[PDB]
Amino acid sequence: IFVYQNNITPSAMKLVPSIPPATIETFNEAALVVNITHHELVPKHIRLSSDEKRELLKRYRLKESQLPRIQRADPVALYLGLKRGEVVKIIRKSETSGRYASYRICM
Amino acid sequence: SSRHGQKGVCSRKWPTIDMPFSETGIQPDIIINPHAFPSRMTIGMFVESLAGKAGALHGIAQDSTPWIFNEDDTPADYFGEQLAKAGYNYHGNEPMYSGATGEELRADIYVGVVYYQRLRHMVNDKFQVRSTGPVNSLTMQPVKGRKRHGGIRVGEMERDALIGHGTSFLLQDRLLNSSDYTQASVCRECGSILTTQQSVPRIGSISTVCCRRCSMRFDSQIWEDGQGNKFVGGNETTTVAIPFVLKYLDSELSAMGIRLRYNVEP
Amino acid sequence: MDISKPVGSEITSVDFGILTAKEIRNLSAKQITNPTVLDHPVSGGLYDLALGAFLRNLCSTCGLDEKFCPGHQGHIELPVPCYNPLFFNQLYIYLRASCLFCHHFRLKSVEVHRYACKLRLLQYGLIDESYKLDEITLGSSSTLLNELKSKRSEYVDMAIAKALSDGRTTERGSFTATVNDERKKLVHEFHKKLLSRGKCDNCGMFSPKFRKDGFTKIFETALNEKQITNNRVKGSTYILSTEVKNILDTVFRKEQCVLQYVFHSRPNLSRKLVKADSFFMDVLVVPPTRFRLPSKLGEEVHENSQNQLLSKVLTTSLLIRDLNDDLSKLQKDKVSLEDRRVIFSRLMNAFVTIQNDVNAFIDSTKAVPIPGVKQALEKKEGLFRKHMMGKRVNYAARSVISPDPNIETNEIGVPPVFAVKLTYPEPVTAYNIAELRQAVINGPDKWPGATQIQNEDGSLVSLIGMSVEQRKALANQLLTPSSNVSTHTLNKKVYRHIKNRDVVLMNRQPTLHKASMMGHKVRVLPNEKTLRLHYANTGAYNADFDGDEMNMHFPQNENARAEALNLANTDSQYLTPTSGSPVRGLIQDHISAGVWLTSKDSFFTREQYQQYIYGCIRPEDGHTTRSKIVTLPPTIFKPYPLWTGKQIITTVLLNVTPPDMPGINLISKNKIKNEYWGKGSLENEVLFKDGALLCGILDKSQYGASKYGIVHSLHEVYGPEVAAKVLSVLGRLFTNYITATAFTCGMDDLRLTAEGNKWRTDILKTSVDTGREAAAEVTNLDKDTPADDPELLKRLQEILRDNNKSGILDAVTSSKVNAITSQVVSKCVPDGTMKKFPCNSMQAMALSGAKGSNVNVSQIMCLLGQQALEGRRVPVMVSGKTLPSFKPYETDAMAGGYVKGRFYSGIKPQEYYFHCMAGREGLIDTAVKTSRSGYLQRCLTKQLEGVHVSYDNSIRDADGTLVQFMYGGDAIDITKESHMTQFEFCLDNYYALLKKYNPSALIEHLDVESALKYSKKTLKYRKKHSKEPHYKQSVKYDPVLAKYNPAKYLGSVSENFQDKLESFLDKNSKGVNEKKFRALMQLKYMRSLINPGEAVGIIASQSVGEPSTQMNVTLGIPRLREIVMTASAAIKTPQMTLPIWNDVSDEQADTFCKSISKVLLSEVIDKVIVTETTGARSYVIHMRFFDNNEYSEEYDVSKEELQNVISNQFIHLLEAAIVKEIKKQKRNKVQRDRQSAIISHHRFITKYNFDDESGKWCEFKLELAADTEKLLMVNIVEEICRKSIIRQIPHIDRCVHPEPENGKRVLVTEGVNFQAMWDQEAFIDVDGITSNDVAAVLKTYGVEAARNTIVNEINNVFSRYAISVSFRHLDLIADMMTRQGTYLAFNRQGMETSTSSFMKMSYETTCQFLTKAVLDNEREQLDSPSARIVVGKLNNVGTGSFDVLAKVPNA
Amino acid sequence: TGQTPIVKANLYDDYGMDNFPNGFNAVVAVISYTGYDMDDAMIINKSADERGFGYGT
Amino acid sequence: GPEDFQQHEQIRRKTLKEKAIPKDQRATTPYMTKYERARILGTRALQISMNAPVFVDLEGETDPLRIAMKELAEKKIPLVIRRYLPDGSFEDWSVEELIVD
DNA sequence: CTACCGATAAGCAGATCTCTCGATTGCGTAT
DNA sequence: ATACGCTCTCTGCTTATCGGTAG
RNA sequence: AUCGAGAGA
Ligand SMILES: [Zn+2]
Ligand SMILES: [Zn+2]
Ligand SMILES: [Zn+2]
């Protein structure tokens, strides 16, 4: 995990994804002064493991593409360090049913 | 309608015996519901009823030009004085009797004389019923027009509502079964509905359905044409059920150079 | 559709493709050569006999007449290939960005290979692999690149093999919406990368550019002198169709590798090479004669427009062919070139002409113009939206509707005119000949009868022109054994008339919701030419009986009969899915009749009571459940028996409610208070007990469309049928009662007493001076000032000039005069009335809710009040007079539109004029609003038409994409959610509810322990926790709805339902114990679940569209447009709410608002004086500010900040504007140091200063060259002063402190910038800030915060207009919108990522989505409802969600 | 058969509208008695209609 | 040819078996949905109006939909509802197996 | 020192219930 | 005289020329 | 067939 106070030069961004399997994630001193998971609009996101993801797909007889999709670049996926292909779990505070469990896949 | 915007269609011709009759023996020829008044607030119709009854009794004509009365000299007061002088009641109420049972009603009914207009919006130019009739040429759907024996249109919003009921069979019967249902011919391999034809027969043979796209220029599997072009080719065609507008759309797309393959299931 | 001719085959799917020139030349019947249609058809012409039979001419292809000839296609041979208008843009894009020398793209070959590999991976469901291929950059020169490409190819092959082995994808590929989005993004980036190239990379050979001038014309430009310099080391013009075809053919046959994946979305089994000849039209296919028959209108014979365009193409083609022979003379013979040059220029002109003729035949916007083949399939009048998404139908009728209360509330009255024309195919049998033979004997004319008798072999004999004896003979031979073996499995049909047992579907346009089209029962009446409809359906259809008309569709098969009688029928739609409220009931006469019948004052003798009971209830019609009418003991025994109206209600319930069930126990209220019946009355409190009305009056709130009334309660406890029967019985009862005790209204109802009139006069005498007082308050003048004071008149003149001040004055005066109006009405109604309730029928209608309201009563009887126009008072002319009668600037309420007049006594001419203004405005607004919300419903429903409920209890789109895992979070049907939190009602009616639910038959098919145990564990954990915020809590237990199916496990309920049930059982301990009540409520929750196959998307779209018609931040339809129609990132009023800490005083909050809100430089400027002197053209721009102790207080801006902004930004912007205008016209030592610094920093500032001790002036001299012309130097200075900011925070326009509503203290800022408010944590609860802007919250908080914002906003539009829309609809809408992680919209932009293209092309821009679907060879499996109806297949939602199998008893 | 209105403005004579009788005078009872005329519909006496009331061509 | 059709048929039937869900593990509603009831009534009415053998005793009625409703009341409808899962899997519930309301 | 990617001013494509009646290309041209 | 050759609306996507950063 | 006027909810 890397942070930068003000800016990052564009040339230092073409080689971060060039060293697999390790990954580098870049954040800023700005946009991190407030944790965006403490916001009442933002539910609790739980990163689903491989076994639970397989159980979910078998339960719903789904395909990884058909699930609701969370972008790779929205703040929650950056916050969790989510990877493409791995499903997240959202506990929604529905005003008609209280707690409600829904899952989004990162693609 | 009266002269106050109180329009309304006529429901039933109520027989005079079943009509309510007043104490003087007169049955009204127009019955208007009292519930039409509170929302519109056409008090001019009440005032006209009062003045019409008073004028019919006294043999005079009552002028209804706006702004001839005021708060101090109310038309209700004026026409009530005239009615009371004539012997009827001040408020225009007449004690009436039920025409079906005969007993006097709970309260005095408000009667009077108002001027009524008959509008040209008659039901004899509105009703229309279709069972079959003239269909269109290209879509083979019912034509448009009341005088043409034409059907009515179940449109986009009607289709969307018919889906919302979950009645997919209602949708089928409306948009396909009763509009442009056809048992066309489709080529199994080509997947095309238009490039098929009814082959001409020989002496004793029976006409069959063949295809032109999957056929090449030339004993048992030889089928001829009307123009003499006999050749062996597509002998594997089925019959599916489609709208005819689908066939017209296929022809139009073929005019654009676009092909649609129809994958027949079995 | 005959059901006696089954169809075996079925269209599984349709895939778009390109019609090549070879197959059309193979399939065609004949070629069309001469452009002459008729002399009789021209042999070789457009109407040739090989293209179909034509006017008794047997077709020369199949030898059949016009009836049995399907029509065959022909082709016209184009002499040269032509640019297909559909694909011209792709042709042009591929022509550009290519090397004419090496015949490869000007992009790096390795990059092209990378794109090809990524596309090959995306052809399968391998998005992750196609992104892990990017990190194989070498790595790990030509040999290195070849090895890298081999590595990438082997990686792709291994990934695809692994996916195929492990099951994630089959050999056909996995194409979904997200893989489609990825493929489209990749192809778009590939094309953009191609077109942004200057020099070829495989061989650095510069290629000439190209230019575009519409269509049919492509030209290339020559390289420059410096560009050919590289062309001198590497060693305008009109290009031809054949030249560009050869170029692109070479390029495509070289780059097949990448093209097989660019022009494909799924793998191609046949491996057919993608060829460039598919982009050119060298052959045109002509539609058959059947589809190009002449448009003949009597003697008005017209040629078909397609024939016109084809003939023009033929003329140009023959002209080119002839030009190709004489040009041969000037080439074989050694002739001069001038004539040859003329012939060649003519040939080029003819090429352009034939290209334009082809473009005209295909399209009409590229060639008043004749509509081509593209315009026939384009818009609302196009083929799709007018002949596939809406059609004309047989077996339907239309007429004017008239009321009828003597018909069942679930029935329709059909005249004999319809009843003899409409007919139904009833196949004869051994159990049906009793009535069908009778109908055949009756014939087409005597209802009920048979118009036609369909034989076994499909022959349709007609009985219209037939005699009675022949009809009897046919009916005797109607049921006969089949003599032919090939037709021994069929029975004759009878097209009998529409009886009383048949079912019919009604509809009244506009069909804003599904309730506006129901399936009624047929009742054949004896009078003609009007459709009879009960009064219960008026609310459902929004119908009326002042000329309204509605359609009557007659289903023709027992499947549609069952669908209409069970699913679409009238009594199963008692409750609207929009909010679960009832929509059926009685309206006006029945409501007033019930108010009069169910009072204490009503008594009935034995004969009267029995007559009313038998009038309403009729056992011989099935209205009674006991086969014998049962009555009650009279409420009075001596002196003589007397019943009561409430006893009539009790007897009605006693006879229609089924026996062996307890009576209804309901406690409710009505609309009429207890002060309208006298002192000590309790008739406002309705009270039922064992089905006996013991107190209160029946009102609009009980029978009608009202929740928790007696009819709604009867519905809940006894099913829909009993509520329908109760509505019918009450309709008959209140009709027969109103006949004998008729209801009336008159002049005496509208009169006040002498005391009432004196009260009204006394109060209205205080309205003379309210306008003057309000004007004095608005103009900041002390009270008791005369109405004609000169200063007051001047201020009123200023207010008249200024629109905002005019609005302020209107608001203040309107408030005061409305207070006076309220005083008058509350004083004079009902105390001052002459005739009083219940005798006063006007007030009876107002209070009872039958018609009108207290507003209408007050307008009739007290006064009309202020006339409001466009939210203001009456308009005022430029002279200050609002009317010629009133003197200028008349400070009087009557002048401004305050009508102190009533419709009982009449209004003056001026008030009449003002009231006409108001009425005209109202009529205009209603006319606009009737269809201002028509586009929204279709925009929603096009995308949501497939979203349904699956058997997994997860709602998901038609293709299979999952939208939500559980409908609303709890899978509760909205139409069944009504009596779930009504725990007191359920406890009171426990025994009847138990009887209706029957847990005796609901035990062996349920698991009743595991769900309960898990729910107990989860509740215990939640009770232990939940004193901590939502992010910090660890879940450790998903809600029970996640694990256990709510429709299979008893006790699996939502967290809110369980909490409410436990709170009820804990707060009231009341003979049935809590255990059985809890079990019953959980079973009710199980039985209140939304069925699999529900069209939840359609329902949500309709329930958010239809209520919209009922309609400083945008509201209503504009806001619904911003949110759900286009999803604008820049909304008209972007706001974000800022919660405050409870330790911050309101003074501190206001100071924070001032210090955060922006302040321009122009907001501290008093005046600017520009002393221009040319004695070298100078300016002395003196700036005058307000007093410091004024502007610092107002804006928190001080002398130092003012000097800083002037020195840095204002002077800079002034110099920039001055120099731009100049260029346009061509075509104390500290103060000294500051002045010198500013002079040096800026261009032509000569002097500078500032009031450093008072901040009152800023005078700086400016100078310019003498050669410059004259400048305004006031307009530009004013614009700069407007532009320059003193203190602003980006995107924030103004922060204000509204009054604390809902208790919480919040601030609202104009403009959204989340990361800028995170820094003010000392004043703002930074974790609670929410915004209007969905895009901003999506960007800085994530998809789910955007989902919450969408739901809250799309709910805030309805909830401001007091409209209730269930959150399940809004949640479904928002989860369909953010289904890709982005704030998509409901339009064609957001529609592009979709599996089915039939849906998009039916929506709009049909040509574009057709080209996209044919380039990618898209194959849609006919999943969306639009595709099903385009191909005519049974829909998937609803009753098509499954299949029906027959259990034959033999293997 | 049209009739001059009993209730008419003074401008009815000035424009000579008697030459063009628009409608007819009728005895109208404001009564809720039939139940067939609730929303906006109205009830016409059958006997009056059988005596040429409101007839037109 | 014949062998190509044989392998096509084998692949089709194998896919069918791989999609079917056995009776011992179906997780759908035990009840009969309103759509299922309506379509089963309509289809049974079609069948009986097409001269099918009937099991219940006719009470003089002649409406095929009414006869189908009588059969559904007597649980004598020989039909099977094939509830389709989103991915093509199907559970074959029987009319008698389901509980009507 | 020039290639490539943003970034605002300009250009370009598009939808917003039923039913009557009335009207319908201008010249030119060679016999 | 006649037949026949022909000037007073709303959005949102897409294109063009000026800004830099970097090998 | 197209564009103009009007009408009903
Ligand atoms: Zn074929
Ligand atoms: Zn033919
Ligand atoms: Zn090259």
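Ligands are counted one by one from 1 in listed order, and the atoms in each one are counted from 1 as well. So you know, we letter chains A, B, ... as the sequences are listed, proteins then strands, and number each from 1. Only heavy atoms go into these numbers, but all of them, side chains included; no hydrogens, no water, no symmetry mates.
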Aromatic ring proximity, centroids under 6.0 angstrom, C/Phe219 and C/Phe210: no

2.8 Å cut-off (strict), protein N, O or S atoms about the Zn ion (ligand 2): 4

C/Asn224 and C/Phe206: CA distance, side-chain angles, deciding distance, side-chain contact (heavy atoms from CB on, under 4.5 Å) verdict: CA-CA 11 Å; C/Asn224 290 19; C/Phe206 257 77; over 6 Å; no

Between C/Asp457 and C/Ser459: side-chain donor-acceptor atoms closer than 3.5 Å: yes

Donor + acceptor pair across side chains of C/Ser265, C/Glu1418 (<3.5 Å): no

Ring-ring centroid check C/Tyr94 C/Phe252, cutoff 6.0 Å: yes

B/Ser207 versus B/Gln198, side-chain donor and acceptor atoms under 3.5 Å: yes

B/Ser215-B/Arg212 side chain donor-acceptor pair, cut-off 3.5 Å: no

Near-ring test C/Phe263/C/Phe279, centroid separation under 6.0 angstrom: yes

For the Zn ion (ligand 3), every protein N/O/S atom that sits closer than 2.8 Å, waters excluded: C/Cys99 SG, C/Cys102 SG, C/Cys200 SG, C/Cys203 SG

Any side-chain donor near an acceptor of the partner, C/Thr20 and C/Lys22, under 3.5 Å: yes

Geometric cation-pi criterion C/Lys234 and C/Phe101, 6.0 Å radius, 45° cone: yes

Every N, O or S from the protein that is nearer than 2.8 Å to the Zn ion (ligand 1): B/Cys187 SG, B/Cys190 SG, B/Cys211 SG, B/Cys214 SG

Pair B/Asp180, B/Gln141: side-chain N/O donor-acceptor within cut-off below 3.5 Å: yes

Closest non-hydrogen atom pair between C/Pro81 and C/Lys245, with its separation: CG-CD, 4.0 Å

Side chain to side chain contact (heavy atoms under 4.5 Å, CB included) against C/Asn26, all qualifying residues, sequence neighbours excluded: none

